Structure formats: C-alpha cells, structure tokens
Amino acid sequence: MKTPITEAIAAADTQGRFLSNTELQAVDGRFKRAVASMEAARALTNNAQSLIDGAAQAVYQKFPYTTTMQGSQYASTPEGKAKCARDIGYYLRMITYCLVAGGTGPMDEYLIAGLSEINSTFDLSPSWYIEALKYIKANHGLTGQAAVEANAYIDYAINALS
C-alpha cells in the first residue's frame, strides 16, 4: 500500500521526474529506523496468543454482558466468542505489518478502511477494541525504541477508533 518508499516513488512519478535526493535520504532514514521496528514486530509475533487471548478476557471482563447479552454482535456463544477472538488477532496481525512496512499503510488499507460502516452495520462498539488495544499496549513488554514504535501504531489505531 503506502510506505515511506512508495511515498517517495509516488511524488517523483506524479511529477514525472527521477527521484530527488531528499526522497533518497528518506528511504535511508526509513531503513535506519527499520531495525528496531522489525525486531519489535517479531517480538509481538512471538507473543500472539499470550496477547490475543490476553486482551480477549480484558474485553470480556470489563464488558461482561458481551458474555450473556444474547445477540449476534455478542460473544454469548461459542460463535461470537470465536469471532470477537478472530477480530482481536486481526488487529495485532495488523500492527506488526505496519512495523515491517515502516508505516501505517497496511492498517489503512486492510483494517482502517471503512472501519465505521463495519462497526456500525454489524453493531460493534469501538470501545470494545480500544480496550483490548490498551491491554496489548502495556503487555507487549517492549522497551527502548521498539516499544516506542509499537505504542505508536497502537495509538494510531486507538485514534481511528474514536
């Protein structure tokens, strides 16, 4: 989709010209930061379930009715259960992409796009997620600059959820 690179190659093209020096410096910086972001990405990848199933309860616990209040949009069924589970993972699997990609581009085109109508139409409370997000936001046990990066895309998501 859209990354610091595609960004630059885009500008040069829409101006019908070869790449600028700046744009080049840009990719460089992109690469220079990549390191931490990547390593970060892996760490999250290696802690999928521990986080998914983690934030899982976090939402089931804070908002209990979603365990009994009968309704398609509720986890009061091995179905909604599985689904609210399917969903949670999706988000995680999306923040990593962003790290590996060096930008938000992947979330924008796969999840962020049309997020409203979707939550709307299927009746899905945005807070439902911003809660689970919070969970991971502080249980990914990251430090240094890797934590910087993750809690960056994390907020971005929260942002788009409000």
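All residue numbers are counted from 1 along the displayed sequence. Rigid core (definition): largest C-alpha set, two forms, superposition within 1.5 Å.
Greater C-alpha displacement in 6 other deposited structures of this protein (rigid core superposition, RMS over structures and residues), of 25-33 versus 61-69: 61-69. When the mean C-alpha temperature factors of 34-42 and 54-62 are read from the deposited coordinates, 54-62 comes out higher. Relative to its counterpart among 13-21 and 143-151, 143-151 has the higher mean temperature factor, C-alpha atoms as listed in the PDB entry. Residue-level inspection of the entry shows that, of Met69, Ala113, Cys98, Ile118, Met69 has the top Cα B-factor. In the PDB entry, a CA B factor belonging to the highest third of its chain's modelled residues is recorded for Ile130.
Remark: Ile136 belongs to the highest third of its chain, ranked by C-alpha B-factor as recorded.
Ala8: CA B factor in the lowest third of modelled residues in this chain (values from the PDB entry).
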